[PDB]
């Protein structure tokens, strides 16, 4: 059964305090058909889908997709690794980025 994964659990998608999104991802199992739910104050953050190179360098200049609702539901349709980060200046560097492994 498809499952909705709330990014950061009760903490959500934020930069208010440090939060290890890599550990959040590791504590979850993502399957095709699942979705990610990003909850945040859209006056301070957004969600951008990028590739591995942009993810590692925190490059938010050329996103493959962008979400700005504050309650974005993003589908995980195929097996592989997906990368998301907040594009607001300096946020990715603060650790607001997450790698999602779908059905490895």
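Numbering follows the first chain given and starts at 1.
Novice: Read off the CA B-factors in the entry, average them over 44-52 and over 28-36, and name the higher stretch.
Specialist: That would be 28-36.
Novice: Split the chain's modelled residues into thirds by Cα B-factor; is residue 15 in the lowest, middle or highest one?
Specialist: Its C-alpha B-factor, which the entry lists for residue 15, ranks in the lowest third among residues of this chain.
Novice: Once the chain's modelled residues are ordered by C-alpha B factor and cut into thirds, is residue 96 in the lowest, middle or highest one?
Specialist: Residue 96: CA B-factor falls in the lowest third of its chain.
Novice: Residue 60: which third of its chain by C-alpha temperature factor?
Specialist: Highest third - that is where residue 60 ends up once the chain's C-alpha B-factors are sorted.
Novice: Ranked by Cα temperature factor within the chain, is residue 7 in the lowest third, the middle third or the highest third?
Specialist: It belongs to the lowest third of the chain when residues are ordered by C-alpha B-factor.
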